[PDB]
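Visitor: Okay, so here is start_13.pdb, and as you'll see once you scroll down, it has PDB, C-alpha atoms and all ligand atoms.
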```pdb
ATOM      1  CA  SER A   1     -57.337 -15.082 -33.839  1.00  0.00           C
ATOM      2  CA  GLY A   2     -57.575 -18.524 -32.167  1.00  0.00           C
ATOM      3  CA  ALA A   3     -55.791 -21.832 -31.583  1.00  0.00           C
ATOM      4  CA  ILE A   4     -56.561 -25.547 -30.905  1.00  0.00           C
ATOM      5  CA  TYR A   5     -54.744 -27.015 -27.828  1.00  0.00           C
ATOM      6  CA  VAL A   6     -54.513 -30.826 -28.446  1.00  0.00           C
ATOM      7  CA  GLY A   7     -52.280 -31.917 -25.519  1.00  0.00           C
ATOM      8  CA  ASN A   8     -48.918 -30.060 -25.541  1.00  0.00           C
ATOM      9  CA  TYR A   9     -49.510 -28.915 -29.225  1.00  0.00           C
ATOM     10  CA  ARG A  10     -50.898 -25.469 -30.271  1.00  0.00           C
ATOM     11  CA  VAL A  11     -52.621 -25.415 -33.738  1.00  0.00           C
ATOM     12  CA  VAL A  12     -52.886 -21.987 -35.390  1.00  0.00           C
ATOM     13  CA  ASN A  13     -53.314 -20.389 -38.768  1.00  0.00           C
ATOM     14  CA  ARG A  14     -49.818 -20.315 -40.413  1.00  0.00           C
ATOM     15  CA  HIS A  15     -50.309 -16.471 -41.088  1.00  0.00           C
ATOM     16  CA  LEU A  16     -51.007 -15.674 -37.352  1.00  0.00           C
ATOM     17  CA  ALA A  17     -48.113 -17.902 -36.156  1.00  0.00           C
ATOM     18  CA  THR A  18     -45.906 -16.016 -33.618  1.00  0.00           C
ATOM     19  CA  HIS A  19     -42.078 -15.918 -33.324  1.00  0.00           C
ATOM     20  CA  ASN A  20     -42.568 -18.344 -30.319  1.00  0.00           C
ATOM     21  CA  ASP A  21     -44.623 -20.696 -32.582  1.00  0.00           C
ATOM     22  CA  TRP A  22     -41.810 -20.724 -35.211  1.00  0.00           C
ATOM     23  CA  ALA A  23     -39.188 -21.106 -32.374  1.00  0.00           C
ATOM     24  CA  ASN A  24     -41.102 -24.209 -31.135  1.00  0.00           C
ATOM     25  CA  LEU A  25     -42.205 -25.540 -34.590  1.00  0.00           C
ATOM     26  CA  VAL A  26     -43.630 -29.126 -35.008  1.00  0.00           C
ATOM     27  CA  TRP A  27     -45.124 -28.895 -38.590  1.00  0.00           C
ATOM     28  CA  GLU A  28     -46.320 -26.139 -41.070  1.00  0.00           C
ATOM     29  CA  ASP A  29     -48.010 -25.932 -44.581  1.00  0.00           C
ATOM     30  CA  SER A  30     -48.561 -22.634 -46.515  1.00  0.00           C
ATOM     31  CA  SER A  31     -51.058 -24.292 -48.965  1.00  0.00           C
ATOM     32  CA  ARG A  32     -53.291 -25.056 -45.851  1.00  0.00           C
ATOM     33  CA  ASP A  33     -52.572 -21.972 -43.644  1.00  0.00           C
ATOM     34  CA  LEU A  34     -51.711 -24.414 -40.752  1.00  0.00           C
ATOM     35  CA  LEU A  35     -48.814 -24.441 -38.234  1.00  0.00           C
ATOM     36  CA  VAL A  36     -48.401 -26.517 -35.016  1.00  0.00           C
ATOM     37  CA  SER A  37     -46.077 -25.413 -32.135  1.00  0.00           C
ATOM     38  CA  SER A  38     -45.110 -27.058 -28.764  1.00  0.00           C
ATOM     39  CA  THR A  39     -46.646 -25.901 -25.396  1.00  0.00           C
ATOM     40  CA  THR A  40     -45.388 -26.336 -21.760  1.00  0.00           C
ATOM     41  CA  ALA A  41     -48.933 -26.295 -20.182  1.00  0.00           C
ATOM     42  CA  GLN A  42     -51.587 -28.730 -21.603  1.00  0.00           C
ATOM     43  CA  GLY A  43     -54.852 -27.693 -23.379  1.00  0.00           C
ATOM     44  CA  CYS A  44     -58.539 -28.756 -23.074  1.00  0.00           C
ATOM     45  CA  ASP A  45     -59.650 -29.737 -26.716  1.00  0.00           C
ATOM     46  CA  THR A  46     -59.883 -33.020 -28.885  1.00  0.00           C
ATOM     47  CA  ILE A  47     -59.709 -33.483 -32.773  1.00  0.00           C
ATOM     48  CA  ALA A  48     -62.554 -35.043 -34.871  1.00  0.00           C
ATOM     49  CA  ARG A  49     -61.762 -38.233 -36.888  1.00  0.00           C
ATOM     50  CA  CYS A  50     -64.865 -38.308 -39.144  1.00  0.00           C
ATOM     51  CA  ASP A  51     -66.537 -37.261 -42.480  1.00  0.00           C
ATOM     52  CA  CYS A  52     -69.177 -34.939 -40.839  1.00  0.00           C
ATOM     53  CA  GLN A  53     -70.435 -31.995 -42.942  1.00  0.00           C
ATOM     54  CA  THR A  54     -72.386 -30.488 -39.953  1.00  0.00           C
ATOM     55  CA  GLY A  55     -71.132 -28.597 -36.902  1.00  0.00           C
ATOM     56  CA  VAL A  56     -70.833 -25.240 -35.141  1.00  0.00           C
ATOM     57  CA  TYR A  57     -68.184 -22.549 -35.678  1.00  0.00           C
ATOM     58  CA  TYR A  58     -67.197 -19.440 -33.702  1.00  0.00           C
ATOM     59  CA  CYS A  59     -67.337 -16.170 -35.718  1.00  0.00           C
ATOM     60  CA  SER A  60     -65.438 -13.360 -33.903  1.00  0.00           C
ATOM     61  CA  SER A  61     -66.695 -10.617 -36.322  1.00  0.00           C
ATOM     62  CA  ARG A  62     -70.168 -11.477 -34.761  1.00  0.00           C
ATOM     63  CA  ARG A  63     -69.343 -12.961 -31.216  1.00  0.00           C
ATOM     64  CA  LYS A  64     -71.660 -15.928 -32.164  1.00  0.00           C
ATOM     65  CA  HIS A  65     -71.375 -19.706 -32.581  1.00  0.00           C
ATOM     66  CA  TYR A  66     -73.211 -20.513 -35.873  1.00  0.00           C
ATOM     67  CA  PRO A  67     -74.482 -23.967 -36.817  1.00  0.00           C
ATOM     68  CA  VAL A  68     -73.269 -24.855 -40.382  1.00  0.00           C
ATOM     69  CA  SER A  69     -73.227 -27.431 -43.133  1.00  0.00           C
ATOM     70  CA  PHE A  70     -69.701 -27.498 -44.579  1.00  0.00           C
ATOM     71  CA  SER A  71     -68.184 -28.915 -47.818  1.00  0.00           C
ATOM     72  CA  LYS A  72     -65.562 -31.735 -47.759  1.00  0.00           C
ATOM     73  CA  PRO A  73     -61.872 -30.623 -47.596  1.00  0.00           C
ATOM     74  CA  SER A  74     -60.803 -29.446 -51.114  1.00  0.00           C
ATOM     75  CA  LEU A  75     -58.606 -27.123 -53.256  1.00  0.00           C
ATOM     76  CA  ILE A  76     -60.509 -23.784 -53.290  1.00  0.00           C
ATOM     77  CA  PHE A  77     -59.696 -20.507 -55.122  1.00  0.00           C
ATOM     78  CA  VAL A  78     -59.538 -18.008 -52.219  1.00  0.00           C
ATOM     79  CA  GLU A  79     -59.065 -14.295 -53.174  1.00  0.00           C
ATOM     80  CA  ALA A  80     -57.141 -11.255 -51.802  1.00  0.00           C
ATOM     81  CA  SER A  81     -57.432 -11.002 -47.977  1.00  0.00           C
ATOM     82  CA  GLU A  82     -55.497  -8.595 -45.666  1.00  0.00           C
ATOM     83  CA  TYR A  83     -52.964 -11.476 -45.022  1.00  0.00           C
ATOM     84  CA  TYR A  84     -52.785 -13.438 -48.403  1.00  0.00           C
ATOM     85  CA  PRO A  85     -53.190 -12.650 -52.154  1.00  0.00           C
ATOM     86  CA  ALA A  86     -55.851 -14.321 -54.390  1.00  0.00           C
ATOM     87  CA  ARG A  87     -54.848 -18.031 -54.653  1.00  0.00           C
ATOM     88  CA  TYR A  88     -55.877 -21.679 -54.116  1.00  0.00           C
ATOM     89  CA  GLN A  89     -55.766 -23.110 -50.543  1.00  0.00           C
ATOM     90  CA  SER A  90     -55.853 -26.950 -49.992  1.00  0.00           C
ATOM     91  CA  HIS A  91     -57.935 -28.925 -47.386  1.00  0.00           C
ATOM     92  CA  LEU A  92     -60.374 -25.938 -47.135  1.00  0.00           C
ATOM     93  CA  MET A  93     -63.898 -27.069 -46.052  1.00  0.00           C
ATOM     94  CA  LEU A  94     -66.506 -24.474 -47.080  1.00  0.00           C
ATOM     95  CA  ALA A  95     -69.757 -23.367 -45.444  1.00  0.00           C
ATOM     96  CA  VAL A  96     -72.146 -20.413 -46.014  1.00  0.00           C
ATOM     97  CA  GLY A  97     -71.416 -17.920 -43.199  1.00  0.00           C
ATOM     98  CA  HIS A  98     -69.720 -14.670 -42.008  1.00  0.00           C
ATOM     99  CA  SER A  99     -65.862 -14.807 -42.169  1.00  0.00           C
ATOM    100  CA  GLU A 100     -63.679 -11.643 -42.125  1.00  0.00           C
ATOM    101  CA  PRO A 101     -59.853 -11.945 -41.842  1.00  0.00           C
ATOM    102  CA  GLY A 102     -59.735 -11.551 -37.994  1.00  0.00           C
ATOM    103  CA  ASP A 103     -62.192 -14.517 -37.713  1.00  0.00           C
ATOM    104  CA  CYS A 104     -59.264 -16.862 -38.518  1.00  0.00           C
ATOM    105  CA  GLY A 105     -58.595 -19.354 -35.744  1.00  0.00           C
ATOM    106  CA  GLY A 106     -62.290 -19.717 -34.728  1.00  0.00           C
ATOM    107  CA  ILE A 107     -63.013 -23.348 -33.948  1.00  0.00           C
ATOM    108  CA  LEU A 108     -65.374 -25.504 -36.074  1.00  0.00           C
ATOM    109  CA  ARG A 109     -66.647 -28.416 -33.890  1.00  0.00           C
ATOM    110  CA  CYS A 110     -68.866 -31.528 -34.610  1.00  0.00           C
ATOM    111  CA  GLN A 111     -70.050 -34.364 -32.277  1.00  0.00           C
ATOM    112  CA  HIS A 112     -66.522 -35.892 -32.802  1.00  0.00           C
ATOM    113  CA  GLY A 113     -64.772 -32.686 -31.418  1.00  0.00           C
ATOM    114  CA  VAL A 114     -62.620 -29.967 -33.157  1.00  0.00           C
ATOM    115  CA  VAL A 115     -62.952 -30.324 -36.996  1.00  0.00           C
ATOM    116  CA  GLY A 116     -60.752 -27.355 -37.937  1.00  0.00           C
ATOM    117  CA  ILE A 117     -60.232 -23.609 -37.666  1.00  0.00           C
ATOM    118  CA  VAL A 118     -61.483 -20.610 -39.686  1.00  0.00           C
ATOM    119  CA  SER A 119     -58.921 -19.742 -42.375  1.00  0.00           C
ATOM    120  CA  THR A 120     -60.791 -17.890 -45.221  1.00  0.00           C
ATOM    121  CA  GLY A 121     -63.752 -15.462 -45.635  1.00  0.00           C
ATOM    122  CA  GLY A 122     -65.350 -13.845 -48.733  1.00  0.00           C
ATOM    123  CA  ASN A 123     -68.733 -13.360 -50.527  1.00  0.00           C
ATOM    124  CA  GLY A 124     -70.751 -14.646 -47.518  1.00  0.00           C
ATOM    125  CA  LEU A 125     -68.571 -17.824 -47.293  1.00  0.00           C
ATOM    126  CA  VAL A 126     -66.434 -18.955 -44.314  1.00  0.00           C
ATOM    127  CA  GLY A 127     -63.612 -21.373 -45.030  1.00  0.00           C
ATOM    128  CA  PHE A 128     -62.192 -23.748 -42.412  1.00  0.00           C
ATOM    129  CA  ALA A 129     -58.720 -25.384 -42.480  1.00  0.00           C
ATOM    130  CA  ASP A 130     -59.380 -29.078 -41.968  1.00  0.00           C
ATOM    131  CA  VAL A 131     -57.240 -30.766 -39.202  1.00  0.00           C
ATOM    132  CA  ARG A 132     -59.083 -34.160 -39.418  1.00  0.00           C
ATOM    133  CA  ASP A 133     -56.538 -35.706 -41.889  1.00  0.00           C
ATOM    134  CA  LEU A 134     -53.616 -34.752 -39.495  1.00  0.00           C
ATOM    135  CA  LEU A 135     -53.989 -38.092 -37.522  1.00  0.00           C
ATOM    136  CA  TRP A 136     -50.628 -37.619 -35.662  1.00  0.00           C
ATOM    137  CA  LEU A 137     -51.903 -34.766 -33.333  1.00  0.00           C
ATOM    138  CA  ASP A 138     -53.642 -37.006 -30.673  1.00  0.00           C
ATOM    139  CA  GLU A 139     -50.305 -38.743 -29.650  1.00  0.00           C
ATOM    140  CA  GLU A 140     -46.568 -37.997 -28.920  1.00  0.00           C
TER     141      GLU A 140
HETATM  142  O1  LIG B   1     -66.263 -15.732 -52.245  1.00  0.00           O
HETATM  143  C1  LIG B   1     -65.091 -16.077 -52.335  1.00  0.00           C
HETATM  144  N1  LIG B   1     -64.076 -15.260 -52.037  1.00  0.00           N
HETATM  145  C2  LIG B   1     -63.263 -14.622 -53.069  1.00  0.00           C
HETATM  146  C3  LIG B   1     -63.882 -14.303 -54.379  1.00  0.00           C
HETATM  147  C4  LIG B   1     -63.555 -13.211 -53.424  1.00  0.00           C
HETATM  148  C5  LIG B   1     -64.726 -17.442 -52.814  1.00  0.00           C
HETATM  149  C6  LIG B   1     -64.308 -17.635 -54.136  1.00  0.00           C
HETATM  150  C7  LIG B   1     -63.953 -18.891 -54.597  1.00  0.00           C
HETATM  151  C8  LIG B   1     -64.032 -19.946 -53.711  1.00  0.00           C
HETATM  152  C9  LIG B   1     -64.458 -19.767 -52.418  1.00  0.00           C
HETATM  153  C10 LIG B   1     -64.800 -18.526 -51.942  1.00  0.00           C
HETATM  154  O2  LIG B   1     -64.541 -20.984 -51.782  1.00  0.00           O
HETATM  155  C11 LIG B   1     -64.374 -21.943 -52.828  1.00  0.00           C
HETATM  156  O3  LIG B   1     -63.747 -21.273 -53.920  1.00  0.00           O
HETATM  157 ZN    ZN B   2     -67.709 -35.442 -36.996  1.00  0.00          ZN
END
```
Go through the file and emit its structure as structure tokens.
Guide:
Amino acid sequence: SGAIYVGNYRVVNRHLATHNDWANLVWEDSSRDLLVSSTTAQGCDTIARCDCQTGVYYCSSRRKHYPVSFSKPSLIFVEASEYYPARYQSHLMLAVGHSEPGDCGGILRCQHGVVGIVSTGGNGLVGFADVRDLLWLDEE
């Protein structure tokens, strides 16, 4: 599990999105596994506007932050998880690391701030849903 809190906006994996998230929807995309919902109390995180391929992610199926090199956001054949079938996911940045289903929502961060959240995990690869192209989060 896990969310980003960029102001009064909560960023989560679309597949972990709660009834409250859907009842306070702002934007969602199934091909990315992203959804953003409105909050009443403000959060403590900032989004990265950059082309970094290095950072640190949180891996809940280990309780560790791991430093990683990660691939640029792309259309990636993911395969059967507990929460999706085998399929392509868009804007998925890839790194070599531990990612099980429940790791989803772990933050990937660089020197520029939050890069994205864990979305995918298979064959010793962790996949992150990029949020860097979503420029509209910082304002409004
Ligand atoms: O190891 C993977 N998981 C599923 C095969 C079981 C995996 C397969 C294809 C990918 C990928 C990850 O990231 C870029 O495209
Ligand atoms: Zn960066």
Visitor: What lies within 12 Å of residue A:78 using all atoms listed in the file, ignoring chain neighbours under 3 positions off, as a list in words?
Guide: residues 31, 32, 33, 74, 75, 81, 83, 84, 85, 86, 87, 88, 89, 90, 92, 93, 94, 119, 120, 121, 122, 123, 125, 126, 127 and 128 of chain A
Visitor: Expanded to explicit residues, what is the PyMOL selection byres (((chain A and resi 136) around 12) and not hetatm) for this file, as a list in words?
Guide: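 Expected selection for the PyMOL selection byres (((chain A and resi 136) around 12) and not hetatm) here is residues 6, 7, 9, 26, 27, 36, 47, 49, 131, 132, 133, 134, 135, 137, 138, 139 and 140 of chain A.
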Visitor: Taking all atoms of ligand LIG 1 (chain B) that appear in the file, build a box with edges along x, y and z, extend it by 3 Å on every side, and state its centre and edge lengths in Å to one decimal, as JSON.
Guide:
```
{"center_x": -64.8, "center_y": -17.6, "center_z": -53.2, "size_x": 9.0, "size_y": 14.7, "size_z": 8.8}
```
Visitor: For residue A:18, list every protein, DNA or RNA residue within 12 Å, evaluated using all atoms listed in the file, and leave out those in the same chain fewer than 6 positions away; present the list as JSON, numbers by chain.
Guide: {"A": [1, 3, 10, 11, 12, 24, 25, 35, 36, 37]}
Visitor: If the PyMOL selection byres (((chain A and resi 59) around 12) and not hetatm) is run on the structure shown, which residues does it catch, given as a PyMOL selection string?
Guide: chain A and resi 1-2+56-58+60-68+97-108+117-121+125-128
Visitor: Those residues you just picked out, can you put them in a file as an mmCIF file, in the frame of the given file with C-alpha atoms?
Guide:
```
data_model
loop_
_atom_site.group_PDB
_atom_site.id
_atom_site.type_symbol
_atom_site.label_atom_id
_atom_site.label_comp_id
_atom_site.auth_asym_id
_atom_site.auth_seq_id
_atom_site.Cartn_x
_atom_site.Cartn_y
_atom_site.Cartn_z
ATOM 1 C CA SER A 1 -57.337 -15.082 -33.839
ATOM 2 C CA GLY A 2 -57.575 -18.524 -32.167
ATOM 3 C CA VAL A 56 -70.833 -25.240 -35.141
ATOM 4 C CA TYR A 57 -68.184 -22.549 -35.678
ATOM 5 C CA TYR A 58 -67.197 -19.440 -33.702
ATOM 6 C CA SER A 60 -65.438 -13.360 -33.903
ATOM 7 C CA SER A 61 -66.695 -10.617 -36.322
ATOM 8 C CA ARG A 62 -70.168 -11.477 -34.761
ATOM 9 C CA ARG A 63 -69.343 -12.961 -31.216
ATOM 10 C CA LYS A 64 -71.660 -15.928 -32.164
ATOM 11 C CA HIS A 65 -71.375 -19.706 -32.581
ATOM 12 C CA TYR A 66 -73.211 -20.513 -35.873
ATOM 13 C CA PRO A 67 -74.482 -23.967 -36.817
ATOM 14 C CA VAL A 68 -73.269 -24.855 -40.382
ATOM 15 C CA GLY A 97 -71.416 -17.920 -43.199
ATOM 16 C CA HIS A 98 -69.720 -14.670 -42.008
ATOM 17 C CA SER A 99 -65.862 -14.807 -42.169
ATOM 18 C CA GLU A 100 -63.679 -11.643 -42.125
ATOM 19 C CA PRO A 101 -59.853 -11.945 -41.842
ATOM 20 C CA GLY A 102 -59.735 -11.551 -37.994
ATOM 21 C CA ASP A 103 -62.192 -14.517 -37.713
ATOM 22 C CA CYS A 104 -59.264 -16.862 -38.518
ATOM 23 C CA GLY A 105 -58.595 -19.354 -35.744
ATOM 24 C CA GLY A 106 -62.290 -19.717 -34.728
ATOM 25 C CA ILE A 107 -63.013 -23.348 -33.948
ATOM 26 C CA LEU A 108 -65.374 -25.504 -36.074
ATOM 27 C CA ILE A 117 -60.232 -23.609 -37.666
ATOM 28 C CA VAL A 118 -61.483 -20.610 -39.686
ATOM 29 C CA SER A 119 -58.921 -19.742 -42.375
ATOM 30 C CA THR A 120 -60.791 -17.890 -45.221
ATOM 31 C CA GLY A 121 -63.752 -15.462 -45.635
ATOM 32 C CA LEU A 125 -68.571 -17.824 -47.293
ATOM 33 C CA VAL A 126 -66.434 -18.955 -44.314
ATOM 34 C CA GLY A 127 -63.612 -21.373 -45.030
ATOM 35 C CA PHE A 128 -62.192 -23.748 -42.412
#
```
